[PDB]
Structures are given as structure tokens and as C-alpha cells.
2 protein chains.
Amino acid sequence: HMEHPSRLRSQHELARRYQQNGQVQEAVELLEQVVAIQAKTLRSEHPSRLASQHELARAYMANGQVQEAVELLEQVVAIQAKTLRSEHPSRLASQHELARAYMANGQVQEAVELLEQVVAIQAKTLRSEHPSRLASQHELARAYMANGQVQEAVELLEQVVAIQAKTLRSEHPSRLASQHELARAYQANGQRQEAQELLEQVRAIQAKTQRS
Amino acid sequence: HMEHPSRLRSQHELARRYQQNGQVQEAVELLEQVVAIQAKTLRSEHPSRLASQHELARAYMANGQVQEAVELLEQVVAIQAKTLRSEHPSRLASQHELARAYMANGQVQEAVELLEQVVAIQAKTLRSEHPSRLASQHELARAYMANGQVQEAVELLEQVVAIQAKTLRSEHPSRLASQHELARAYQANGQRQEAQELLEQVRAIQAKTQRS
């Protein structure tokens, strides 16, 4: 009955302040009320309604309510699979959020499948050094490693690192981050010498930049 | 030597993805490198440089490095006290972030003093239901309660709740949130009947909205 239920997106910022202050339960309570109000007034495909369901699921995760987050994000992702193109940023966003919830729930195969889609699509829509594109690649590598696909994590990160070698300066935070992720993959793969070699290289560059 | 060090603000999003995935250490490492690069190239008053120091301090907090966050935010707040007006949103933002770090460090009096300034200024610049304005009021009340100023927390929240009674519908998430915060204050103040009365009222409205 409230005039503009879509404007309850303002409550997302308040939820984040609660979470930052450790009041993760209060953030869940806040957004459960948002979601209940919008459920009475907005259609299931409404982007504002889906947005607040996404934020509530993130709040559930912060409050340790992993199963509740998985179930809610499954609903969001299912709706957006019908209403939005694969290339839609909101669709991609809820896909990697559900993958994160799946990982926390030990549902590794389901996370891998989602992140393969996100990485494939972002390879078209985003530049190689975009933070979301890089983050999804790192997340896919970690999902692979938890799924008995360590070799595929190594192949993925070696490609990321090779591309950065041609595009970013050696001191760039993202270049160092991917090399660190690759070192972790090498370790999991039994390539322990190469891992400690790579980690020493990263540490040397960090030291030279931060403690010149 | 990198051409556009100010554009390293892109790394803030990558840090947030790391944090969400539990990699809070990696987020600190990422932003320490950003801050070191910008320190070599940007003046101390540069808004991009201050922005990344603010984000690094937030990363320190997420990684449990409370003292490091306090020291970094003290630097940021000191610089912005000279370079920015009290009404500048960035100045306000780092003030309530430092107050949060102070609370985590048991420096309650210092947090109260900062949050009194933030609340006083936001009372002029923001509408009463703006999420940041409300969040700072709730944070000030909690700081007061930890500082032996419980009565002042009650006075503050009673005013917030009274204003919302005239501006927001009873089911509004923010109206319920402030009533919950007020109930906590009443409890701390020994007004235990009024607290349980108010909490029952909130719970009744939540139930009617969420489980009609």
C-alpha cells in the first residue's frame, strides 16, 4: 500500500552500515521486511524486487545463513534466466553471488557451472582488467580446485597471467593478485617449486613498491 | 611511473569481491599495493589518494587489523579536516568510518565525539530518512551507550522515532529498525518494561507483514 515500494532500495545502504558494525542480524531483519513489502506490490520480474532479494541473500550470507541465501538466490537466478539476456549485468551479478553461496554450502559442481557461464560471458562484455571480470576468473579457479579440477584452474590462471604480462605493469595490484592466485593453483597441482618461485617474485615486487 | 595512478580505484571492487569470498587478507595485500603506488605519485590531499587510504582501512578492519585501521583513518581524517568542509560527503564518510574503527578499538569517547559531529552536520545536509543519516544516529546511540551516556542514547533515539512516526508508515523497515534500536537503549537504561513493550510492537508488525 506504500506509494513507491521500489524506492526501498535505499535500505540496502542501511543494511551495509549495520553489517559493517557487526549487526549482521539486524541487516537481515531490515531486508526481510523490504522483501516482504515488495512481494505484495511488485511483480516477480520487477528489477527492483529482484535487486532486494539479491541483497537479502547477501545479508543472509553475512549472518551465516548459507542455506537461506542459496534458496533465495536460486529463485532470483531462475527468474532472471527467463527475463534477462545472458549479457545483462544484473543476471551476471546474481550468478556469481549464487556461485559464492553454493561454495559456502559445499555445492562445488553447481558453483563451477555458474562461474563457467559468467566467465564465458564476461570475456565478451568486459575488458581483461575489469575488476569483476578478474574476480570471476579467480573465483572459477578456486571452484575448480575444490572440484577435483585443479589442472583446469592452472590452465585458466596461466592464461590470465600471460595476458596481464602484455597489458599491465609488473607492479600493478591486479597483476600481482593473479600471480598469487596462480601460485596457489600450482601448489594444489603439486607444482611446488614453481609456486614458491612465483610467490617469491610477487613478494619481491611488493617489497620494492611498499618498502623502497 | 604508471600513467594514471588515480584510476586504481578500480581495485576497490576487486577488494570487495575478495572480502565477500572470505579472502580478507588478499584484499589487504591488494590495497596496500594501491596505496603504495599512489603515495609515490599523488599529493596527500588528492581525493583519489585519500579514497584508497579509506578503502585500505576498511580492508584492515575486515581482516581484524583494528589498530592499523585506526592509524590510517586518523591520517585521512586529519588531512580532510584541513582540506574539506565539514559538509563534504567524503569528509563525513571517513569520520564515521574512523568512529567505527575507534569502537572496535575500545576508544569510545573518541568515537562519540566524531559521531556527534557527523550527526550534527547530516542533520543539515540529508533528509531524516536518508540511510546514511539514520545509520550515523544509530551508531552515535550505540557509542553513547558504551560511554556511560545511556540516557543521551535514549533521548536521541526517542527523537528519531518520534519524527518517523510523522513521516514513515508503521511497516517501513527504517521505522522498525529505529524502534528496535530504541528498545535496546531502554533496556540499557533500566526501562525494561517499555523495552519489551516496544519490541513486541515491532515483532507484531514484522509478523503481519512477513507472515500475513
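Because only heavy atoms are used, hydrogens play no part in the values below, and waters and symmetry mates are left out as well, while side chains stay in. Every chain is numbered from 1 and lettered A, B, ... according to where its sequence line falls, protein lines coming before strand lines.
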Let's test your reading of the structure: which of A/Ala177, A/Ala104, A/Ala36, A/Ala135 forms the most heavy-atom pairs below 4.5 Å with chain B?
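Highest number of heavy-atom pairs under 4.5 Å: A/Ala135.
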Counting heavy-atom pairs closer than 4.5 Å to chain B, which one of A/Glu26, A/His12, A/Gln23 comes out on top?
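Sorted descending by pairs with chain B, the first entry is A/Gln23.
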Out of [options], which one racks up the most heavy-atom pairs below 4.5 Å with chain A?
{"options": "B/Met2, B/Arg17, B/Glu29", "value": "B/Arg17"}
{"options": "B/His138, B/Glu171, B/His180, B/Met103", "value": "B/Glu171"}
{"options": "B/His172, B/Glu13, B/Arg169", "value": "B/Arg169"}

Identify the heavy atoms of A/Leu14 and B/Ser174 that sit nearest to each other, and give their distance.
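Heavy-atom minimum between the residues: CD2-OG, 3.5 Å.
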At their closest point, which heavy atom of B/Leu176 faces which heavy atom of A/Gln33, and how far apart are they?
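It is CD1-NE2, 3.5 Å.
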Considering only heavy atoms, which portion of [X] lies under 4.5 Å from any heavy atom of chain A: side chain, backbone, both, or neither?
{"X": "B/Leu8", "value": "side chain"}
{"X": "B/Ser136", "value": "both"}
{"X": "B/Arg16", "value": "neither"}

Under 4.5 Å from a heavy atom of chain B, the part of A/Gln210 involved:
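For A/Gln210, the contact with chain B is made by backbone and side chain together.
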Between A/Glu32 and B/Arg211, is there a side-chain N and carboxylate O pair less than 4.0 Å apart?
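No, no charged N to carboxylate O under 4.0 Å.
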Say whether, by atom type as modelled, one donor and one acceptor occur between the side chain of B/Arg100 and the main chain of A/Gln20 under 3.5 angstrom.
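Flag set: sc B/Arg100 to bb A/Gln20 pair under 3.5 Å.
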Taking the side chain as every heavy atom from C-beta outward, state whether A/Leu31 and B/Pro173 have any pair of such atoms under 4.5 Å apart.
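Side-chain contact under 4.5 Å: no.
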